[PDB]
Structures are given as structure tokens and as C-alpha cells.
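The form deposited in one PDB entry is given below as one chain in C-alpha cells.
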């Protein structure tokens, strides 16, 4: 209902000019944008985001890639937005999805979306302050929802 998910355009996605395309696909799907910003992660921000991988191999490489350039951070609100968000991104990813259309390699997969409600609020709280999150009314809300 008031469910939220975190979406980020990775540096390859920003550099290739795919920011607008991604935002548009979420909008046309009927979801509500409530937070948005662009920034180049510091080493520690990159580390924190990928903290779960601190025991995983090549973590420094991941950290220095993610911090090598600007990302676009988003929060989207709506029913099943976490699940639909992953679906919109894709995986073997299929055309019609973001990765299906624009990405070839896993290391260059354009974008990230939270894999769960668990993960989303963690990622959201990490990247955004409460005041950065807009609260507003979609005029189309009951044409999208029952």
C-alpha cells in the first residue's frame, strides 16, 4: 500500500544516459516517485551499500567501481513496488526489461533494485534522510488501485 523500494542507476547506466528511460518506465507502470538524487558514492558509502559482501571475494573492486562515478538514487512507492521493481529491471534478462534492453554483462547491469521489503527500507534509510522523502498525492491513484 505505502510500500517503498529503493532503485539506483549504476555508473554505467548514468554514463550511458539511461536515467530518464528507467524513471519513465516506473512512471508509466503507475508507481509514485517519492525520493530522488544524484551523487558519486564515497568509498565508505560504496562499502556500506555492499557491506553484505565484505566477506565475499573481490569486494574492493566492487567498492571502487561503485564509487568511480555518479549514481542516481530513487525511492518509489506503491503496491508490490519491490517485487514489480525487480521485474521491471529483469534478471538471461528478457527484452522489455531494463537489463533485457540495455545490459550485456553482470558487472555492467545498469541498475539495482532492492530484493525485498527488508532490503528496501535498509537501503532507503542508508541513502536518504527522512526530509529528503517527499509525501504526495498521485491524482491517478484510484485509477491504478482498487
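Numbering follows the first chain given and starts at 1. We call the rigid core whatever largest set of C-alpha positions still superposes within 1.5 Å between the two forms.
- Deposited sequence between residue 91 and residue 92: 4 to 9 residues lack coordinates.
- The stretch with the higher mean CA B factor, choosing between 136 to 144 and 4 to 12, is 136 to 144.
- Higher average CA B factor: 62 to 70, of the stretches 62 to 70 and 97 to 105.
- In this structure the maximum Cα B-factor among 110, 53, 81, 39 is found at 53.
- In this PDB entry, residue 123 carries a Cα temperature factor that places it within the middle third of its chain's modelled residues.
- Among the modelled residues of its chain, residue 32 has a C-alpha B-factor that falls in the middle third according to the deposited record.
The same protein has a further form, the form solved in complex with a small molecule, not shown here; the description that follows concerns it.
- Although the partner is absent here, residue 106 sits close enough that one of its heavy atoms falls within 4.5 Å of the small molecule in the deposited complex.
- Not displayed here, the small molecule is kept clear of residue 32 by more than 4.5 Å at the level of heavy atoms in the deposited complex.
- With a 4.5 Å cutoff on heavy atoms, residue 36 does not count as touching the small molecule in the deposited complex; it lies far away.
- Heavy atoms of residue 87 never reach within 4.5 Å of the small molecule in the deposited complex, leaving it off the interface.
- A displacement of 2 angstroms or greater separates the C-alpha positions of residue 60 between this form and the one not shown, with the rigid core held in common.
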